[PDB]
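To keep things clear, I will list the structure first and then write my remarks on it.
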C-alpha cells in the first residue's frame, strides 16, 4: 500500500464519471468500480479524458476521488488525471490529489507554443520535486501534437525518481519499441503502459507492462485476460483475446470517447447514458452497433 504500489501490472481502467440529472451519480459509480475490482483490474485512473475531467468541477473531483479511495480501500492504486496547460493549474490539482490520499497522478505534456524536449523534461522535473505522489507521464501526440521522445522519457526515468512510468499513447511501433527499450535501460522497473487498447498486445510483446484502458470499463475480464495470458507465456491465447476484442475495441471509438463507452455501460445497466456538453449521447447507429458488438462479445 504505497511507493512500489503505483507500479501496477496489466490493466488500469480509465474509468468514466457517471452523471444523473446534472449531478455525480456515485451510486452507479460504485457499481462500476466493483465490476472493475471483481474482474482483476489492477489500477484505476480517475478523471482522465474518459472521465470527462474538463466538465467536472473542483468539488465534484474531490467527492469522486474520495469515494473511489473508500471503495478500493487500498486494494489497488488510484491515479488521478491532473495535467493541464500551465504548471500552475497542474501542481494545484496534484496537491488536491495528494491531500485526498490518491496514490499517483497522470500528467499530460504541456501543449502551448512549441514545447521542446528540454521544456517537457523541465515540466515533469518541477512537478516531481513538489510532490511525493507517483507521477505518470502521459504522451498523447495524436491529441496534443506533442511527442515525448523515447530518449526524453529515459532522461525522466533516470533523473526523476518519483515518475513511475509512462502512459504511451503514441501508437507507432517504432516509438513503442524504443520507449520500452530505452526507459528500462535507464531504470529497470520504469513502467511502460499502452495508452491505446489496440496496441496493448504489441506493447506487451515489446517488453511493456500493461495498459491504461478505455475498453476495460465495459470488458474488464477480457482486457485482464489478454495481459494475464501474455505474462504466462501463452501468446496464442493472449492473441486470441486481442483478436476477439477487435470489434469492441473499434466500436468504442466510432464517436469521441467517452460517448460510446457510456452508451455501452448504459446498455449493460451500469449507468445513465448522460454526458456533459459539448459531449452528447451516442447516435442510434452507434447504439445499435454497440448492441450487436456487446451481444457477440457475450457482455449483453
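Counting starts with 1 at the first residue shown.
Per deposition record, X-ray crystallography, 2.0 Å.
Note that Cβ sites are derived from N, Cα and C of the backbone, with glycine treated the same way.
So that you can see what the record holds, here are the features copied from the PDB entry:
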type	residues	note
SEQADV	1-6	expression tag
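Record features, source Swiss-Prot:
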type	residues	note
SITE	49	site 'Part of a proton relay during catalysis'
BINDING	50, 212	pyruvate binding site
SITE	112	site 'Part of a proton relay during catalysis'
ACT_SITE	138	active site, proton donor/acceptor
ACT_SITE	167	active site, schiff-base intermediate with substrate
Inquiry  = Within the same chain, where does the expression tag (1-6) have neighbours whose Cβ lies under 8 angstroms from its own Cβ atoms, ignoring anything closer than 6 residues to its ends? I mean 6 or more beyond.
reply    = 43, 74, 77, 79, 103-104, 134, 136, 164
Message = Whole-number answer please: how many Å between the C-alpha atoms of the residue listed as 'active site, schiff-base intermediate with substrate' and residue 112 (site 'Part of a proton relay during catalysis')?
response = 20
Note = residue 212 (pyruvate binding site) falls, by DSSP collapsed to helix, strand or coil, into strand
Remark   = Neighbour count check, CB within 10 A, over recorded positions 49, 50; minimum at 49
Query = If you measure the residue listed as 'active site, proton donor/acceptor' to residue 112 (site 'Part of a proton relay during catalysis') at Cα, how many Å is it?
reply = 16
Note = What DSSP gives for residue 167 (active site, schiff-base intermediate with substrate), in three states, is strand
Key: Other C-beta atoms that fall within 10 angstroms of the C-beta of residue 212 (pyruvate binding site)   = 29
